[PDB]
Amino acid sequence: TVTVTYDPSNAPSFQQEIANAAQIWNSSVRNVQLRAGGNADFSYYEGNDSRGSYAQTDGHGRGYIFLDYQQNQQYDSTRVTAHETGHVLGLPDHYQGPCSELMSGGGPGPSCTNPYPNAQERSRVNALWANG
Ligand SMILES: [Ca+2]
Ligand SMILES: [Zn+2]
């Protein structure tokens with residue numbers, strides 16, 4: 001198990017969703033763990049961007065996530081937060097997938113509230129972090 005450290009301090013309005021998203025991911029996968037701490041690998045910011053929330057990342061634990069206010073009020077915020085965090089873990093967007101695929105993100109619409117990765121998503125994250 002590899003530990004990726006994040007900094008949630010610049011997203012004051014989303015502290016509980018970030019904590020919720022990190023726990024979902026920690027309770028779903030074996031080879032990587034997310035923990036809040038100093039000298040962080042990636043960080044969370046918040047504001048307004050009509051394209052919604054996004055991740056600026058190398059796909060292997062680093063960069064930052066921007067959480068948009070309107071998207072997190074119209075869609076379930078834990079799903080939004082957990083989805084964007086999936087990008088930092090290495091998973092790509094797959095907009096045509098169903099609600100049970102966390103990486104389909106907003107594709108299924110606002111009625112989709114599931115913040116959990118499916119079995120294939122979890123399996124792929126374990127493979128991407130198996131050797132660090
Ligand atoms: Ca929720
Ligand atoms: Zn995405």
Side-chain angles (χ1 to χ4, degrees):
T1 309
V2 177
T3 294
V4 175
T5 298
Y6 58 91
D7 178 5
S9 75
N10 301 102
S13 301
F14 290 110
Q15 297 293 292
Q16 99 179 89
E17 290 297 2
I18 289 162
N20 285 169
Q23 176 60 227
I24 278 165
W25 274 108
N26 291 343
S27 83
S28 304
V29 298
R30 223 205 308 138
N31 290 158
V32 54
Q33 287 302 96
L34 294 171
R35 135 180 118 163
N39 296 332
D41 300 299
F42 70 102
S43 288
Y44 289 93
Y45 295 87
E46 65 178 61
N48 279 125
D49 187 320
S50 71
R51 294 172 295 195
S53 304
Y54 57 88
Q56 168 76 354
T57 178
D58 62 358
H60 201 71
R62 299 172 203 275
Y64 62 92
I65 288 158
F66 181 88
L67 295 167
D68 177 60
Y69 296 138
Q70 290 303 119
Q71 194 180 39
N72 286 91
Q73 282 171 84
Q74 312 300 90
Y75 288 76
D76 183 82
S77 193
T78 315
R79 175 189 180 81
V80 175
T81 306
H83 170 85
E84 292 311 324
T85 299
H87 285 318
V88 177
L89 300 174
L91 306 181
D93 280 298
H94 188 233
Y95 302 138
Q96 58 272 50
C99 183
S100 50
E101 272 183 30
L102 175 64
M103 305 314 296
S104 62
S111 68
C112 175
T113 67
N114 168 50
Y116 282 100
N118 70 190
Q120 198 212 336
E121 285 173 326
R122 292 174 192 213
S123 176
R124 191 142 75 170
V125 165
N126 278 334
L128 296 163
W129 290 89
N131 314 123

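Counting from 1, the numbers follow the sequence of the chain as shown. Excluded from the calculations below are hydrogen atoms, water molecules and symmetry mates; all remaining heavy atoms, backbone and side chain alike, are included.
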Cluster question for you: counting only ILVMFWY and a side-chain heavy-atom cut-off of under 4.5 Å, with indirect links fine, are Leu128 and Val32 together?
yes
Do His87 and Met103 have side chains that get closer than 4.5 Å, going by heavy atoms?
yes
Please check if the side chain of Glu121 supplies one atom and the backbone of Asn118 the other of a donor-acceptor pair under 3.5 Å.
yes
Whether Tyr45 and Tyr64 hold their rings parallel, tilted or perpendicular, with breakpoints at 30° and 60°
perpendicular
Flag the pair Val125 / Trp25 as yes when at least one side-chain heavy-atom distance between them is below 4.5 Å, and no otherwise.
yes
Side chains of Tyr95 and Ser104: closer than 4.5 Å at any heavy-atom pair?
no
Which ILVMFWY residues are connected to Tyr116, directly or by a chain of links, through side-chain heavy atoms under 4.5 Å apart?
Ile24
Any side-chain to backbone donor/acceptor pair from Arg79 onto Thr113? Under 3.5 Å, distance only.
no
Check whether any side-chain N or O of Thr57 sits under 3.5 Å from a backbone N or O of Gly63 as a donor-acceptor pair, and report yes or no.
no
Do the side chains of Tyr44 and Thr85 get nearer than 4.5 Å, heavy atoms only?
yes
Name the orientation class of the two ring planes belonging to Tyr69 and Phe14 (parallel below 30°, tilted from 30 to 60°, perpendicular beyond 60°).
parallel
In the structure I gave you, are the side-chain heavy atoms of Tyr6 and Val88 within less than 4.5 Å of one another anywhere?
no
